[PDB]
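Visitor: So that we are looking at the same thing, I have put the structure below in structure tokens.
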Amino acid sequence: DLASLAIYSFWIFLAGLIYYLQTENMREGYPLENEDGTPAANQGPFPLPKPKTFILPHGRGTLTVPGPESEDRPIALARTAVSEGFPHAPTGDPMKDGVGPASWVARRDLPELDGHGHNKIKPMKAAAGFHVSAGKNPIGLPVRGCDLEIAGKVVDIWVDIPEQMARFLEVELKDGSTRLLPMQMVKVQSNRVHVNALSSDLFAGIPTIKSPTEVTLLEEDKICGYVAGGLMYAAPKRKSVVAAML
Amino acid sequence: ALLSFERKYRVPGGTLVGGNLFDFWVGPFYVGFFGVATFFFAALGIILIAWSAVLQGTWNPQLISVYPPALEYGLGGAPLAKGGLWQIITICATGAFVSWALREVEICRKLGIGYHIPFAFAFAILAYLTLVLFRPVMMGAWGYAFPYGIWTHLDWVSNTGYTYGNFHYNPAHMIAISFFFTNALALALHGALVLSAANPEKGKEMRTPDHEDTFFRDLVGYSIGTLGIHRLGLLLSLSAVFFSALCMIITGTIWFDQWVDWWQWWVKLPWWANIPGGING
Amino acid sequence: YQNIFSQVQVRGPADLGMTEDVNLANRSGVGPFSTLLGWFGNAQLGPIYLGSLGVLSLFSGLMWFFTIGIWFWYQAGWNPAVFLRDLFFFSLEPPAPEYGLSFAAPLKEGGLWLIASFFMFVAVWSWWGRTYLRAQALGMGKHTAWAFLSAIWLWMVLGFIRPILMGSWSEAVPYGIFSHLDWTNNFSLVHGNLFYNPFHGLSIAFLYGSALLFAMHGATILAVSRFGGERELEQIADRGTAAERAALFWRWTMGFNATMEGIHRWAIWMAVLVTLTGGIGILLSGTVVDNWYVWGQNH
Ligand code: BCL
Ligand code: BCL
Ligand code: BCL
Ligand SMILES: CC[C@H]1c2cc3[nH]c4c(c3C)C(=O)[C@H](C(=O)OC)c4c3nc(cc4[nH]c(cc(n2)[C@@H]1C)c(C(C)=O)c4C)[C@@H](C)[C@@H]3CCC(=O)OC/C=C(\C)CCC[C@H](C)CCC[C@H](C)CCCC(C)C
Ligand SMILES: CCCCCCCCCCCC[N+](C)(C)[O-]
Ligand SMILES: CCCCCCCCCCCC[N+](C)(C)[O-]
Ligand SMILES: CCCCCCCCCCCC[N+](C)(C)[O-]
Ligand SMILES: [Cl-]
Ligand SMILES: [Fe+2]
């Protein structure tokens, strides 16, 4: 029976495809480790795939995966139980140490480049011809934290030039310096920009950028990691919805 | 065991219930209060199914089937082996689904990410509840729901559909199908585009998002963009399920005849209704 | 803020695109910007590339559409009002069984349908070559052309391969909104209920699964866009906290996860399999299996 052979064959193929897909999705994060950092005994049934090499543009080298885990920075966390499967609590300030929902990855300390080799992101102020085309222009608006206090003001929008989109709001703090706030973590209102993830007192702590005209992937990660981490770690300073309503 | 970059994330906090009581993992899986709630519901429900298999006199997966109370029972309860054992399993399924979603929310909290996933999942749950709860209740009986059986639920789909002739004529059903089709089309396109840029011709440098844009712009004269594509994928999926539930919730409640006849409203429009000729003239 | 719609739109000089090996002479000029589209995705329209293949495809495509249209107008008695009220009821039917696979059928009895199919055939295939070439000119992989083939496969089976294997153009699908729906229902009826066709069941699993996976993926990327998640290519070349958090969400949820690049392999196959299995199931219908219920009883 042709139909029977066809369906029988399909399942063989499907099992083989799933096998392929799974191993293919082990190009990162493997081999698995024990909570102490040592190679875990059980690595699962699917074996690591053979190495593949990505050739990166504009003198950025190559990337080979699977490969030795890149992450080597110190992790400010301590074991909580003798048995495996339990939380590791922060030894210091999670926000400052970059752990938990405030984690960041040691990405390349260079800006992401577009197809021409130019910086993908740039403050609109320096993006020739760019302007706000629709919606409320956030530039000039005060920035309120979840403690309902003003944390600063918007002095510019950092745009993704190739994708023509707002990616960060540049916020000037009390001391005259500025920080970058991820666009997807702010709420532009008619009279202000509200940041639920952070209380006014936490803005100074947002990681800073070396140059005022560019932001690196390493910086973006530290910034985005830090801001998101506020949802959990700044909860004590986050005022109720009814309070915000007033 | 943890992924080689997981440790820094396995932090305490994020739960919605029980503080740190269930705040732990088991292998790769995270638990939490809703992790155990899910296990409870899933186990009980699976157990109530195995028992219904017993009363049915079978252990074969292809045969096992749990039916809702017959139309006679209306919206009241019913004898276990006669609809009641289905009503409980339904409660368990709902409980296990909602708990699975709430567990996802705790996971989102711990990781500091958005809640888009559990929100998306709620649509699936809502489609289920539409068939098993909202429609039955609106129609006046649990008998209108579908049975829990691999092939039996297909019989239900077929029988329910033909009760209105060719179900293809349900207008909401058509829209839903468009979304399902368009979604699969975009999923293929998205998967292919990313991969084609990440895996250029042998020996070439990895392409950029700009190449992705140029490719599609060159192809159809537009590129929705990396943000838009994911926004689109979510919108198509949810819209597909939304219209699915909509096409059903209205069937047998506000529409009772052959769906094909519904389209007569357009044909009978005053200005051209009586013009001779064509198909309907 | 869920990042489903943009809060503020930003606009700069139109993007003319990467050059690579493409013939810039065949690229049109940039179209207008849509603020409306800008809320959801990019506002820029065009430019588009129109080489010979694209012009051929566009032409056939229009001819196909035109052929169906003229038949519909004929069926409407050239009366605009009738055309509009019966638009969904008109149908360009293929030749009767008596004609087999010949092109001898009179225009009003299948010939127009054959002409329409010729144009659609050329349109679709020239477009496929176009998906391949536009990728080649940019030095990219051919994943799009391959994925497209899967969709083309179901289409080929329905209007060409299956009809031919059964020696009759009358086996093909008519060109009509409602009529092609009747054909679909009829096809199942005539083959003993497609719910019994194992390949139809799989096709459904992947169709449902594609909505499942894209809801999952789309929602995941959005959930980590606060860490630049949608910039997937760079996340693949240099993994960031976005990729890690997305992976861990799923690993902690269902026990396993993907990678930023790998998830797109799961995606392309999930979708592609819909029409791949679908095509096989339809190809086997009527040629090898007359009644799926009956077939099911013997398996
Ligand atoms: C002869 C039959 C009729 C017909 C009758 C019906 C009927 C009757 C119904 C549909 C419905 C649907 N039809 Mg129809 N339909 C016909 C022909 C078609 C054709 C076609 C090409 O011809 C198409 C494409 C469709 C398409 C569709 C979809 C739009 C929709 C089903 C999806 C859905 O609701 O998802 C919703 C998703 C869910 C309900 C999934 C929920 C999952 C839950 C929450 C979690 C489960 C977890 C699991 C237990 C875990 C186990 C553990 C493991 C580890 C995983 N129909 C023919 C003409 N159709 C259905 C609908 O609209 O439903 C609302 C419906 O009831
Ligand atoms: C949506 C409209 C109709 C419907 C119409 C159809 C039609 C029509 C078909 C199916 C098919 C399937 N349906 Mg159904 N089905 C309905 C509601 C459900 C529900 C539910 C809880 O709401 C479930 C769990 C299922 C489950 C199933 C699967 C067994 C099978 C493939 C689905 C798939 O891959 O999805 C995509 C999801 C994934 C790829 C993820 C994996 C999901 C796994 C495979 C689900 C296993 C379910 C398990 C056996 C159910 C019990 C769980 C525990 C053991 C108790 N259906 C509603 C009533 N279903 C196909 C089939 O082959 O039928 C035999 C098919 O032809
Ligand atoms: C009463 C009717 C029967 C039935 C009869 C059929 C038949 C007959 C067929 C299907 C098929 C399918 N059915 Mg069924 N089906 C039934 C009930 C169901 C139910 C249900 C009850 O819930 C569901 C969920 C489904 C679901 C499905 C899908 C999985 C599958 C279609 C895949 C697809 O993407 O095609 C859409 C994709 C295409 C048609 C490809 C289009 C590609 C071409 C190249 C596009 C050209 C576009 C063109 C140039 C014009 C526009 C261009 C413009 C630029 C826009 N069926 C009932 C039992 N079903 C198909 C299948 O694969 O079966 C196994 C099929 O042939
Ligand atoms: C709403 C848009 C789409 C979507 C989205 C979606 N599904 C999701 C998510 C999202 C976003 C998840 O995050 C979640 C997930 O974790 O996925 C991996 C999930 C999920 N979608 C799933 C299935 C699924 N989704 C489907 C559909 C859809 N999912 C839509 C198309 C379908 C079908 C048939 O189309 C199915 C089968 C699960 C794999 C997973 C959720 C896992 C879960 O809920 O686990 C808890 C429960 C158990 C482990 C077992 C409980 C057992 C019951 C008590 C049995 C009761 C019987 C049952 C009612 C009938 C069974 C018989 C059938 C043959 C009818
Ligand atoms: C006849 C249809 C067969 C189509 C199968 C195409 C599946 C898409 C696979 C993507 C993988 C592409 N590839 C080979 C370059 O790796
Ligand atoms: C303007 C009306 C367009 C009609 C839409 C219906 C398309 C169904 C196409 C099925 C293709 C026909 N064929 C070749 C496979 O037999
Ligand atoms: C890569 C996606 C994995 C999806 C696999 C889903 C399998 C469910 C299969 C049920 C349909 C099979 N069938 C027709 C023979 O019963
Ligand atoms: Cl590849
Ligand atoms: Fe993606």
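By convention in this document, the chains of the structure tokens carry letters A, B, ... by their order, each chain's residues are numbered from 1, and ligands are numbered from 1 in the order they are shown.
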Neighbours of ligand 9 within 9 Å, counting only C-alpha atoms and all ligand atoms, as a short mmCIF file (atom, residue, chain, number, x, y, z; two decimals) with N, CA and C atoms, in the first residue's frame?

Guide:
data_model
loop_
_atom_site.label_atom_id
_atom_site.label_comp_id
_atom_site.auth_asym_id
_atom_site.auth_seq_id
_atom_site.Cartn_x
_atom_site.Cartn_y
_atom_site.Cartn_z
N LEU B 187 4.85 32.93 8.82
CA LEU B 187 5.78 32.16 9.63
C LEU B 187 6.88 31.58 8.74
N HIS B 190 9.03 34.54 7.53
CA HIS B 190 9.91 35.02 8.59
C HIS B 190 11.06 34.06 8.84
N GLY B 191 10.75 32.77 8.97
CA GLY B 191 11.78 31.79 9.20
C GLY B 191 12.81 31.81 8.08
N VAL B 194 15.13 35.33 8.01
CA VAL B 194 16.16 35.36 9.03
C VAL B 194 17.26 34.38 8.65
N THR B 226 11.84 44.05 11.35
CA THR B 226 12.01 43.03 12.38
C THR B 226 11.01 43.14 13.54
N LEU B 227 10.67 44.35 13.95
CA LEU B 227 9.70 44.51 15.03
C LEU B 227 8.30 44.16 14.51
N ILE B 229 7.30 42.27 12.02
CA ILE B 229 7.04 40.89 11.68
C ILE B 229 6.59 40.08 12.90
N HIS B 230 7.24 40.29 14.03
CA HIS B 230 6.85 39.58 15.24
C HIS B 230 5.49 40.10 15.71
N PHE C 214 4.02 30.75 16.11
CA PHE C 214 4.19 32.17 15.85
C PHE C 214 3.61 33.03 16.99
N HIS C 217 6.54 32.62 19.40
CA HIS C 217 7.72 33.36 18.98
C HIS C 217 7.49 34.86 18.95
N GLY C 218 6.40 35.27 18.31
CA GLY C 218 6.10 36.68 18.24
C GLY C 218 5.98 37.29 19.62
N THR C 220 7.31 36.06 22.35
CA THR C 220 8.60 35.99 23.03
C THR C 220 9.51 37.15 22.65
N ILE C 221 9.60 37.43 21.35
CA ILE C 221 10.43 38.51 20.89
C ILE C 221 9.94 39.82 21.48
N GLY C 229 15.49 42.53 21.53
CA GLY C 229 15.20 41.20 21.01
C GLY C 229 14.95 40.97 19.52
N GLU C 230 14.20 41.86 18.87
CA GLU C 230 13.89 41.69 17.45
C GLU C 230 15.10 41.77 16.52
N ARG C 231 16.21 42.31 17.02
CA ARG C 231 17.43 42.39 16.23
C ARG C 231 18.07 41.02 16.35
N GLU C 232 17.36 40.04 15.81
CA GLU C 232 17.76 38.63 15.86
C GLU C 232 19.09 38.25 15.21
N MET C 260 18.40 31.74 19.24
CA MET C 260 17.91 32.81 18.39
C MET C 260 17.89 32.38 16.92
N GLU C 261 18.87 31.60 16.48
CA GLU C 261 18.87 31.16 15.09
C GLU C 261 18.00 29.92 14.92
N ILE C 263 15.34 28.83 16.51
CA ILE C 263 13.89 29.02 16.54
C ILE C 263 13.33 29.26 15.14
N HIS C 264 14.15 29.84 14.26
CA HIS C 264 13.70 30.12 12.91
C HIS C 264 13.73 28.87 12.04
N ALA C 267 10.53 27.26 12.99
CA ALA C 267 9.49 28.05 12.35
C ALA C 267 9.25 27.71 10.88
#

Visitor: List as a list in words the protein and nucleic acid residues lying within 7 Å of ligand 7, with only C-alpha atoms and all ligand atoms counted.

Guide: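 Selection of residues at most 7 Å from ligand 7: residues 18 of chain A; 197, 198, 199, 200, 201, 202, 205, 206, 209, 266, 269 and 270 of chain C.
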
Visitor: Using only C-alpha atoms, which residues sit within 8 Å of residue C:245 once same-chain residues fewer than 2 positions away are excluded, as a list in words?

Guide: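 Here the answer would be residues 111 and 113 of chain B; 224, 241, 242, 243, 247, 248 and 249 of chain C.
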
Visitor: Using only C-alpha atoms, please write the residues we just selected to a file, as a short mmCIF file (atom, residue, chain, number, x, y, z; two decimals), in the first residue's frame.

Guide:
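Output (again-v1.cif):
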data_model
loop_
_atom_site.label_atom_id
_atom_site.label_comp_id
_atom_site.auth_asym_id
_atom_site.auth_seq_id
_atom_site.Cartn_x
_atom_site.Cartn_y
_atom_site.Cartn_z
CA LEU B 111 13.02 36.97 34.25
CA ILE B 113 10.28 40.14 30.57
CA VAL C 224 12.29 40.68 25.20
CA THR C 241 20.42 38.93 27.59
CA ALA C 242 17.44 39.01 25.22
CA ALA C 243 18.24 35.59 23.74
CA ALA C 247 15.44 30.67 26.06
CA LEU C 248 15.12 30.41 29.84
CA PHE C 249 11.45 31.39 29.76
#

Visitor: Output the neighbourhood of ligand 4 as a ChimeraX atom specification, that is, all protein and nucleic acid residues with some atom at most 7 Å from the ligand, counting only C-alpha atoms and all ligand atoms.

Guide: /B:38,41-42,45-46,89-90,92-93,96-97,100,117-118,120-124,147-150,153,237-238,241 /C:208-209,211-212,215-216,253-254

Visitor: Would you export the selected residues with C-alpha atoms as a tab-separated table (two decimals), in the first residue's frame, please?

Guide:
chain	number	residue	atom	x	y	z
B	38	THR	CA	-1.09	22.44	37.30
B	41	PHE	CA	-5.33	19.43	37.93
B	42	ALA	CA	-3.47	17.51	35.21
B	45	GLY	CA	-8.03	15.06	35.15
B	46	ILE	CA	-5.88	12.36	33.59
B	89	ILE	CA	-12.41	16.69	33.68
B	90	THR	CA	-13.41	19.95	32.00
B	92	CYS	CA	-9.61	20.11	35.69
B	93	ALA	CA	-8.51	21.02	32.17
B	96	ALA	CA	-4.63	23.14	34.53
B	97	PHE	CA	-4.63	25.58	31.58
B	100	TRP	CA	-0.13	26.90	33.30
B	117	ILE	CA	3.21	34.84	26.04
B	118	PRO	CA	0.70	33.99	28.80
B	120	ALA	CA	-1.33	35.00	23.89
B	121	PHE	CA	-2.02	31.62	25.48
B	122	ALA	CA	-5.18	32.96	27.14
B	123	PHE	CA	-6.66	33.18	23.63
B	124	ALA	CA	-6.20	29.45	23.15
B	147	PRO	CA	-16.14	14.84	23.57
B	148	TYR	CA	-12.62	14.12	24.75
B	149	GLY	CA	-11.46	11.47	22.30
B	150	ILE	CA	-8.85	11.53	19.55
B	153	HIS	CA	-13.87	14.92	18.67
B	237	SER	CA	-2.32	33.95	15.26
B	238	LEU	CA	-4.54	35.59	17.85
B	241	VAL	CA	-8.24	32.03	17.14
C	208	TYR	CA	-2.54	24.81	14.15
C	209	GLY	CA	1.10	24.44	15.17
C	211	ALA	CA	-0.32	29.61	14.81
C	212	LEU	CA	0.91	28.13	18.09
C	215	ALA	CA	2.03	33.27	18.78
C	216	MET	CA	4.83	31.86	20.94
C	253	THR	CA	8.22	26.48	31.16
C	254	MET	CA	8.41	23.29	29.08

Visitor: Please find the residues of chain B near chain C - the criterion being any atom within 6 Å, counting only C-alpha atoms - and write them as JSON, numbers by chain.

Guide: {"B": [28, 29, 30, 113, 114, 116, 117, 184, 188, 191, 192, 196, 197, 199, 200, 201, 214, 217, 218, 221, 222, 224, 225, 226, 227, 228, 230, 233, 234, 237, 267, 278]}

Visitor: For ligand 1, collect every residue having any atom at a distance of at most 6 Å from a ligand atom (counting only C-alpha atoms and all ligand atoms); output as a PDB file with C-alpha atoms, in the first residue's frame.

Guide:
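So result_3.pdb came out as:
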ATOM      1  CA  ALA B 124      -6.198  29.454  23.145  1.00  0.00           C
ATOM      2  CA  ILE B 125      -7.814  28.874  26.528  1.00  0.00           C
ATOM      3  CA  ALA B 127     -11.260  29.247  22.352  1.00  0.00           C
ATOM      4  CA  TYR B 128     -11.454  26.045  24.378  1.00  0.00           C
ATOM      5  CA  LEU B 131     -16.580  25.349  22.759  1.00  0.00           C
ATOM      6  CA  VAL B 157     -16.510  18.627  14.363  1.00  0.00           C
ATOM      7  CA  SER B 158     -17.913  16.935  11.290  1.00  0.00           C
ATOM      8  CA  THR B 160     -21.541  19.983  14.170  1.00  0.00           C
ATOM      9  CA  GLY B 161     -20.363  21.482  10.902  1.00  0.00           C
ATOM     10  CA  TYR B 162     -22.789  19.641   8.647  1.00  0.00           C
ATOM     11  CA  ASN B 166     -21.172  23.265   4.438  1.00  0.00           C
ATOM     12  CA  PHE B 167     -19.639  25.180   7.352  1.00  0.00           C
ATOM     13  CA  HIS B 168     -17.356  26.968   4.860  1.00  0.00           C
ATOM     14  CA  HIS B 173     -15.080  30.960   9.799  1.00  0.00           C
ATOM     15  CA  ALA B 176     -10.521  32.818  10.727  1.00  0.00           C
ATOM     16  CA  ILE B 177      -9.238  30.576   7.927  1.00  0.00           C
ATOM     17  CA  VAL B 241      -8.236  32.026  17.141  1.00  0.00           C
ATOM     18  CA  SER B 244     -12.547  30.870  15.366  1.00  0.00           C
ATOM     19  CA  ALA B 245     -14.277  31.311  18.714  1.00  0.00           C
ATOM     20  CA  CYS B 247     -17.606  31.815  14.310  1.00  0.00           C
ATOM     21  CA  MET B 248     -18.665  29.161  16.811  1.00  0.00           C
TER      22      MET B 248
END

Visitor: Residues of chain A no more than 8 Å from chain C, counting only C-alpha atoms: send them over as a PyMOL selection string.

Guide: chain A and resi 2-4+7+21-22+24-28+54+56+63+103-108+112+115-116+127-138+159+161-166+182-188+220-221+224-225+228

Visitor: Quick one: DSSP alpha helix (DSSP H) residues in stretch 44-160 of chain B, as number ranges by chain?

Guide: B: 44-56, 84-111, 116-129, 135-139, 152-160

Visitor: Neighbouring residues of ligand 6 are defined here as those with any atom at most 7 Å from a ligand atom, counting only C-alpha atoms and all ligand atoms; list them as an NGL selection string.

Guide: :C and (65 or 68-69 or 117 or 155-156 or 158-160 or 172-177 or 180)

Visitor: Print the selection's residues with N, CA, C and O atoms to a file, as a PDB file, in the first residue's frame.

Guide:
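Dumped everything to part.pdb:
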ATOM      1  N   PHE C  65      -5.994  36.992 -13.875  1.00  0.00           N
ATOM      2  CA  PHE C  65      -7.045  37.746 -13.217  1.00  0.00           C
ATOM      3  C   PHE C  65      -8.048  38.271 -14.247  1.00  0.00           C
ATOM      4  O   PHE C  65      -9.260  38.227 -14.031  1.00  0.00           O
ATOM      5  N   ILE C  68     -10.359  35.468 -15.725  1.00  0.00           N
ATOM      6  CA  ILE C  68     -11.432  35.119 -14.798  1.00  0.00           C
ATOM      7  C   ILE C  68     -12.466  36.234 -14.813  1.00  0.00           C
ATOM      8  O   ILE C  68     -13.678  35.993 -14.865  1.00  0.00           O
ATOM      9  N   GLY C  69     -11.963  37.464 -14.758  1.00  0.00           N
ATOM     10  CA  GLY C  69     -12.822  38.631 -14.749  1.00  0.00           C
ATOM     11  C   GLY C  69     -13.737  38.766 -15.947  1.00  0.00           C
ATOM     12  O   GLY C  69     -14.923  39.053 -15.791  1.00  0.00           O
ATOM     13  N   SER C 117      -5.474  29.016 -16.262  1.00  0.00           N
ATOM     14  CA  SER C 117      -4.519  28.172 -15.571  1.00  0.00           C
ATOM     15  C   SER C 117      -3.118  28.320 -16.152  1.00  0.00           C
ATOM     16  O   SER C 117      -2.115  28.222 -15.427  1.00  0.00           O
ATOM     17  N   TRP C 155      -0.414  23.632  -4.387  1.00  0.00           N
ATOM     18  CA  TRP C 155      -1.075  24.241  -5.532  1.00  0.00           C
ATOM     19  C   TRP C 155      -0.906  23.388  -6.802  1.00  0.00           C
ATOM     20  O   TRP C 155      -1.859  23.169  -7.544  1.00  0.00           O
ATOM     21  N   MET C 156       0.312  22.917  -7.046  1.00  0.00           N
ATOM     22  CA  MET C 156       0.585  22.100  -8.216  1.00  0.00           C
ATOM     23  C   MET C 156      -0.240  20.819  -8.190  1.00  0.00           C
ATOM     24  O   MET C 156      -0.841  20.425  -9.196  1.00  0.00           O
ATOM     25  N   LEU C 158      -3.082  20.206  -6.594  1.00  0.00           N
ATOM     26  CA  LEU C 158      -4.498  20.526  -6.783  1.00  0.00           C
ATOM     27  C   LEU C 158      -4.956  20.813  -8.210  1.00  0.00           C
ATOM     28  O   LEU C 158      -5.985  20.300  -8.653  1.00  0.00           O
ATOM     29  N   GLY C 159      -4.208  21.632  -8.938  1.00  0.00           N
ATOM     30  CA  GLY C 159      -4.635  21.968 -10.282  1.00  0.00           C
ATOM     31  C   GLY C 159      -3.889  21.375 -11.451  1.00  0.00           C
ATOM     32  O   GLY C 159      -4.301  21.577 -12.584  1.00  0.00           O
ATOM     33  N   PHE C 160      -2.813  20.637 -11.201  1.00  0.00           N
ATOM     34  CA  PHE C 160      -2.057  20.080 -12.311  1.00  0.00           C
ATOM     35  C   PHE C 160      -1.690  18.616 -12.184  1.00  0.00           C
ATOM     36  O   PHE C 160      -2.122  17.794 -12.984  1.00  0.00           O
ATOM     37  N   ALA C 172      -9.645  19.370 -11.526  1.00  0.00           N
ATOM     38  CA  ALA C 172      -9.054  20.587 -10.982  1.00  0.00           C
ATOM     39  C   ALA C 172     -10.090  21.504 -10.331  1.00  0.00           C
ATOM     40  O   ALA C 172     -11.300  21.325 -10.508  1.00  0.00           O
ATOM     41  N   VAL C 173      -9.593  22.485  -9.581  1.00  0.00           N
ATOM     42  CA  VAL C 173     -10.411  23.435  -8.846  1.00  0.00           C
ATOM     43  C   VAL C 173     -10.865  24.600  -9.710  1.00  0.00           C
ATOM     44  O   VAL C 173     -10.079  25.181 -10.445  1.00  0.00           O
ATOM     45  N   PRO C 174     -12.150  24.965  -9.625  1.00  0.00           N
ATOM     46  CA  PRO C 174     -12.670  26.080 -10.424  1.00  0.00           C
ATOM     47  C   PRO C 174     -12.227  27.422  -9.839  1.00  0.00           C
ATOM     48  O   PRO C 174     -11.851  27.498  -8.665  1.00  0.00           O
ATOM     49  N   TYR C 175     -12.269  28.473 -10.649  1.00  0.00           N
ATOM     50  CA  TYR C 175     -11.901  29.801 -10.172  1.00  0.00           C
ATOM     51  C   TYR C 175     -13.162  30.539  -9.742  1.00  0.00           C
ATOM     52  O   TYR C 175     -13.870  31.112 -10.566  1.00  0.00           O
ATOM     53  N   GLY C 176     -13.447  30.504  -8.446  1.00  0.00           N
ATOM     54  CA  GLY C 176     -14.622  31.178  -7.926  1.00  0.00           C
ATOM     55  C   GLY C 176     -14.560  31.225  -6.414  1.00  0.00           C
ATOM     56  O   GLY C 176     -14.106  30.281  -5.783  1.00  0.00           O
ATOM     57  N   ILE C 177     -15.023  32.317  -5.821  1.00  0.00           N
ATOM     58  CA  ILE C 177     -14.981  32.437  -4.370  1.00  0.00           C
ATOM     59  C   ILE C 177     -15.748  31.312  -3.676  1.00  0.00           C
ATOM     60  O   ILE C 177     -15.168  30.519  -2.936  1.00  0.00           O
ATOM     61  N   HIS C 180     -15.023  27.366  -5.295  1.00  0.00           N
ATOM     62  CA  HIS C 180     -13.865  26.603  -4.863  1.00  0.00           C
ATOM     63  C   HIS C 180     -14.080  26.062  -3.450  1.00  0.00           C
ATOM     64  O   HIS C 180     -13.417  25.105  -3.034  1.00  0.00           O
TER      65      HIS C 180
END

Visitor: Using only C-alpha atoms and a cut-off of 6 Å, which residues of chain A sit close to chain B? Please list them as a ChimeraX atom specification.

Guide: /A:29-30,32-34,40,55-57,85-89,99-101,115,228

Visitor: Could you turn the residues from that selection into a file that holds N, CA, C and O atoms, as a compact mmCIF listing (two decimals), in the first residue's frame?

Guide:
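That gives us again.txt:
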# COMPACT_ATOMS: atom_id res chain seq x y z
N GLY A 29 24.56 27.64 25.04
CA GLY A 29 24.12 27.17 26.34
C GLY A 29 24.54 25.77 26.75
O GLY A 29 24.37 25.38 27.90
N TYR A 30 25.09 25.01 25.81
CA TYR A 30 25.52 23.66 26.10
C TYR A 30 27.04 23.55 26.01
O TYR A 30 27.69 24.35 25.33
N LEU A 32 25.40 21.35 29.34
CA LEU A 32 24.69 21.77 30.54
C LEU A 32 25.65 21.69 31.71
O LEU A 32 26.59 20.89 31.70
N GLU A 33 25.42 22.51 32.73
CA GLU A 33 26.29 22.53 33.90
C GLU A 33 25.53 22.27 35.19
O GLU A 33 24.30 22.34 35.23
N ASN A 34 26.27 21.96 36.24
CA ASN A 34 25.68 21.75 37.56
C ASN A 34 25.64 23.18 38.10
O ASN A 34 26.35 24.05 37.60
N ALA A 40 27.49 18.98 33.90
CA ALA A 40 26.46 18.13 34.47
C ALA A 40 26.61 16.72 33.93
O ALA A 40 27.06 16.52 32.80
N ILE A 55 30.76 34.22 9.51
CA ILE A 55 31.78 35.19 9.12
C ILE A 55 31.14 36.55 9.30
O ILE A 55 30.22 36.92 8.57
N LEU A 56 31.63 37.29 10.29
CA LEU A 56 31.09 38.61 10.60
C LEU A 56 31.67 39.73 9.74
O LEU A 56 32.85 39.74 9.43
N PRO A 57 30.81 40.68 9.34
CA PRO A 57 31.17 41.84 8.50
C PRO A 57 32.04 42.89 9.20
O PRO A 57 32.13 42.93 10.42
N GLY A 85 18.42 22.80 42.41
CA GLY A 85 17.08 23.28 42.10
C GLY A 85 16.54 24.44 42.91
O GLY A 85 15.36 24.76 42.84
N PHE A 86 17.40 25.07 43.69
CA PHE A 86 16.95 26.20 44.49
C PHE A 86 17.56 27.52 44.04
O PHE A 86 18.57 27.55 43.35
N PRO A 87 16.93 28.63 44.43
CA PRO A 87 17.41 29.96 44.06
C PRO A 87 18.78 30.27 44.63
O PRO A 87 19.21 29.71 45.64
N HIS A 88 19.49 31.17 43.95
CA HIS A 88 20.78 31.64 44.40
C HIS A 88 20.52 33.11 44.65
O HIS A 88 20.20 33.85 43.72
N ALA A 89 20.62 33.52 45.91
CA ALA A 89 20.37 34.91 46.29
C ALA A 89 21.56 35.82 46.03
O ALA A 89 22.72 35.40 46.08
N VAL A 99 22.55 40.83 38.00
CA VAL A 99 22.11 39.46 38.15
C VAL A 99 20.60 39.46 38.23
O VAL A 99 19.99 40.53 38.36
N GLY A 100 19.98 38.28 38.17
CA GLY A 100 18.54 38.20 38.22
C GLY A 100 17.94 38.90 37.01
O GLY A 100 18.56 38.91 35.95
N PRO A 101 16.75 39.50 37.14
CA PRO A 101 16.13 40.19 36.01
C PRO A 101 16.89 41.46 35.64
O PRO A 101 16.47 42.22 34.78
N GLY A 115 23.99 47.83 7.25
CA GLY A 115 24.55 47.19 6.07
C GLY A 115 25.73 47.91 5.43
O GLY A 115 26.53 47.28 4.75
N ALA A 228 14.98 46.81 33.21
CA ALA A 228 14.01 45.75 33.42
C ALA A 228 14.10 45.24 34.87
O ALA A 228 13.09 44.94 35.49

Visitor: Which residues come within 8 Å of stretch 50-52 of chain B, counting only C-alpha atoms, excluding same-chain residues fewer than 3 positions away, as a ChimeraX atom specification?

Guide: /B:46-47,55-56,59,65-66,81,85

Visitor: Show which residues sit within 10 Å of residue B:99, as a ChimeraX atom specification. Count only C-alpha atoms, and ignore same-chain residues fewer than 6 positions away.

Guide: /B:33-41,93,105

Visitor: Using only C-alpha atoms and all ligand atoms, can you tell me which of C:32, C:97, C:61, C:110 comes closest to ligand 3?

Guide: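 Between C:32, C:97, C:61, C:110, the residue approaching ligand 3 most closely is C:61.
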